[PDB]
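Structural features, examined
Chain residues, written in single-letter form:
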Amino acid sequence: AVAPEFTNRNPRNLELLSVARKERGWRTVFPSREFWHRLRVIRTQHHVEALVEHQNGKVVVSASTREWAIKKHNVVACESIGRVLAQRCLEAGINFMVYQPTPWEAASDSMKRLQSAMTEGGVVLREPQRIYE
Amino acid sequence: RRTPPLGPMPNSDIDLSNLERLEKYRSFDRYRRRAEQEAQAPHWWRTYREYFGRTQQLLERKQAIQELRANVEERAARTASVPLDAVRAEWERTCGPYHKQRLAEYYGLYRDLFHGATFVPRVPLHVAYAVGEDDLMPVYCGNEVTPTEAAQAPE
Amino acid sequence: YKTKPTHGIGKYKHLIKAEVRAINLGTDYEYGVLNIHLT
Amino acid sequence: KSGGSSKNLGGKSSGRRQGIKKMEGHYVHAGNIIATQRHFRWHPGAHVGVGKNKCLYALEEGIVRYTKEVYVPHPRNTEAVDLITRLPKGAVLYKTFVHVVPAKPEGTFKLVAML
Amino acid sequence: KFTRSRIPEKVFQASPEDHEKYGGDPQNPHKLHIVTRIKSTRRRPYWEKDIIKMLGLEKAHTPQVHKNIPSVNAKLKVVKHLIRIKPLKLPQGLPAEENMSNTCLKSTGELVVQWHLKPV
Amino acid sequence: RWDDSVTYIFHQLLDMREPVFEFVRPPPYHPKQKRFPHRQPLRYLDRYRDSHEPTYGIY
RNA sequence: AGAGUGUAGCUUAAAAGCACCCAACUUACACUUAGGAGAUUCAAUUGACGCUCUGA
RNA sequence: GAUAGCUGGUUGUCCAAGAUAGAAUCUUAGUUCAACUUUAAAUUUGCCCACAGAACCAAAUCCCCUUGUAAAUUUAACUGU
Ligand SMILES: [Mg+2]
Ligand SMILES: [Mg+2]
Ligand SMILES: [Mg+2]
Ligand SMILES: [Mg+2]
Ligand SMILES: [Mg+2]
Ligand SMILES: [Mg+2]
Ligand SMILES: [Mg+2]
């Protein structure tokens, strides 16, 4: 009572199984497309944004100050956005991301506190390699 | 052999002799935003997306709440509390569906379950498996629940 | 390419005027390079 | 005859053979060289590696495809950053990339045994 | 360098004057041509010789029919300066199973099915 | 995901041999074996053997 | 006083992005780090109030 | 009967296929490889192919399905250019 070959269509299956092929190219171009869940952090005037896009460009989880919710109650806002994003990615299933900021941006205190909060929430930013063979 | 261009080529409407009178990019974030906006365009030749492609009262209340929170000062900005239960309640009561629809589209629920015809969830939902009196295992949109914990009907 | 309709899609040399000495016209309605010493 | 006989020697080099090896629409395998040439001609795109001679080589079994995407190099290249900053507002480089549309999947869930 | 001579699009564009001069018409055009080589293959490039060999025109002054399609159209245009083209208009119906032994080509393209040997 | 409760259910309230999978990858390419590799190393013949063990015809 | 405009300096989504400024690197301008600021003049498109042309 | 990149010649009938990018060489009057050509055989794609695809400092060219066709790859030979 079983088919000769199984067929799964869940796009997240291969993404979490550490087998989904990445974009090995894009070496000379920045940022690199070799990832599974890129964590893009946008900093604008009066507001801050932190997205978690996909290779195809579909936003899965994100948090913004314009959410008529977190706006109530600027490193504090960045830390709050990071904590909310970590909690949402945890309760949604995401647990691995890749952050590729710029040197002048990586050497900032805001990004340092953001990474600290993300690590405290329980989310690693390394993304294990793709198992071959 | 030389053929004419079908559509307007890029960098053609700003190729004036007064290049010094222009803005001239002095940073990299602006150039990155411009490149992103350009990539987010249909284009008539090619692209990477070819083969792999009531309110007034609420606004016034929000403004008053923001003004009150700003005047309450807090002094700990120079490093604050910022609770999470209130934020979670607001998200579940306000724009919960906004993110639930995105999650469903990313997981392929509307195109697979309903075979298209996307919608927005109106009334919220809460489900949590009972591993005894406590603790309880919550079933959030996309949580990793084990078959063992799901050995009984949830609440 | 040259024959393809996408010719000159990456022409950026003309967008940069690569390379002030004694350049004071003064003929028409123009003022040469000025200097203001803040004593 | 002096000073103009054949002092301008040295010009005796053969062809280096540097061009396209797999045009668009060809079924290229993983590991075949797509093209070899000096100076970054076709920048790396999706599923396209780069060796030491600024060449290209397919990484996955698929059909080669070329497009025109925006150029945003790494901040390491100070020359590229300077050239970009030297451009006006509405300015785009639009370089020639290389893509490899994959055909076969990475694997299949086959039936092992019935226990 | 003598490259492969190409032809633009403005050449093959029948005008009302051309239609009035000849007998052809745009609406409901013919379906087959009457190819007949009237020039030798020598003194011509090698690609033209290959095209002539593919079209099957070894013996000059011999009739031949080919499909009136863009591919065959270009194949003919490639050697247009070495072949005679004429339409194959059938006054009566196409050659049926009974009209296959008594046939004739006749000049000016007129395939007759009741080919006899008697005067009118 | 997989767990022991799945096996318990299968063997209790299903009564049928549960299936097992492994996600097999496609086989290697290996182009047409040339008669004279010329510039290929000694490992060329190793890519077309079944399998390593000493196989002898008839003697 | 007849007519016109009506989200901060700019953009139509009607509460956002640019734009702006003090502190540090900057001889100096800048890229940056850390901070600051802002609109719907009112009635359930409708009439009146900042401003624009008419010896007023 | 020395050798000799060299002059000369190398015996009857008829049929068929049958013209070469270049490199090395104490080398350009000679030799090898490559390329052209011949024989027997196993394989299937060989050519003009259509949208398109192929760069910052003019005739053009490469891949190219339907379409004309029947030609092409390899194996084993070896003289000839
Ligand atoms: Mg030279
Ligand atoms: Mg002798
Ligand atoms: Mg000699
Ligand atoms: Mg002699
Ligand atoms: Mg004799
Ligand atoms: Mg002969
Ligand atoms: Mg020597």
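Residues numbered from 1 in each chain as written, not as in the entry; some residues may be left out. Chains lettered and ligands numbered in written order. Part of a larger assembly, values for the part shown. Heavy atoms only, no water. Residues with missing side-chain atoms left out of burial classes, pairs and counts.

This deposited entry lists cryo-EM as its structure determination method and 3.9 Å as its resolution.

If you check the PDB entry, chain E appears there as 39S ribosomal protein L30, mitochondrial from Homo sapiens. The title given to this PDB entry is "Structural insights into unique features of the human mitochondrial ribosome recycling". Taken directly from UniProt, the Subcellular location text for chain E runs: "Mitochondrion". UniProt, in its Sequence similarities section for chain E, records the words "Belongs to the universal ribosomal protein uL30 family." (UniProt positions renumbered as here; feature names shortened; annotations may be inferred.)

Notes on the protein's contact with RNA strand H
Surrounding RNA strand H, one finds 33 residues, the nearest of these being B:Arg1, C:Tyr1, D:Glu24, D:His26 and E:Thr3. Within 4 Å of the protein, atoms of RNA strand H come from sugar and phosphate in 62% of cases. Contact distances for RNA strand H include 3.5 Å between a base nitrogen and a side-chain N or O atom of C:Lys4. In this structure, E:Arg6 approaches RNA strand H through a side-chain N or O atom, which is 3.2 Å from a phosphate oxygen. Looking at the surface near RNA strand H, the elements with two or more residues in it are β5 (62-69) of chain D together with α2 (46-55) and α3 (70-77) of chain E. Here the residues of the surface near RNA strand H sort into 12 nonpolar, seven polar and 14 charged. (Near = heavy atom within 4 Å. Polar contact = N/O pair within 3.5 Å; in protein donor to acceptor, adjacent residues only side chain to side chain. Helix = DSSP H or I, 4+ residues; strand = E, 2+ residues; numbered from the N terminus. Nonpolar A, V, L, I, M, F, W, Y, C, P; charged D, E, K, R; others polar.)

Considerations on the protein's contact with RNA strand G
Contacts to RNA strand G come from 18 residues, most closely from A:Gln45, A:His47, A:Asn74, A:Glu105 and B:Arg33. B:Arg26 is positioned such that a nitrogen or oxygen atom in its backbone is 3.3 Å from a sugar or linking oxygen of RNA strand G. For RNA strand G, a phosphate oxygen lies 3.2 Å from a polar atom in the side chain of B:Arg30. The set of elements that each furnish at least two residues to the surface near RNA strand G consists of α3 (103-106) and α4 (109-121) of chain A together with α1 (29-39) of chain B.

Quick look at helix α2 (residues 75-92) of chain A
All names here are of chain A. Taking 1.5 Å per residue as the helical rise, α2 with its 18 residues ought to reach 26 Å, and the 25 Å between its terminal C-alpha atoms agrees with that figure. Of all 18 residues in α2, 13 are buried; the element is thus mostly enclosed. Backbone geometry just after α2 places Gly93 at a positive phi near 120°. (Expected span 1.5 Å × (residues − 1). Buried < 20%, exposed > 50% of the residue type's maximum accessible area, 1.4 Å probe, protein only.)

What to know about the packing of α2(A) against α4(A)
Residues and elements named next belong to chain A. Viewed as axis vectors pointing N to C, α2 and α4 meet at an angle of 30°, and their least axial separation amounts to 9 Å. On the basis of their axis angle, the class for α2 and α4 is roughly parallel. When the axes of α2 and α4 are compared, the crossing they make is right-handed. Note on element contacts: α4 touches α2 through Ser110, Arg113, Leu114, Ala117, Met118 and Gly121, opposite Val75, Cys78, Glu79, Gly82, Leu85, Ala86 and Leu90. (Axes fitted to C-alpha atoms, helices over the stretch in contact; angles between N-to-C directions. Parallel < 35°, antiparallel > 145°, perpendicular 65-115°, else oblique. Left-handed = near helix turned anticlockwise from the far one by under 90°. Contact = heavy atoms within 4.5 Å.)

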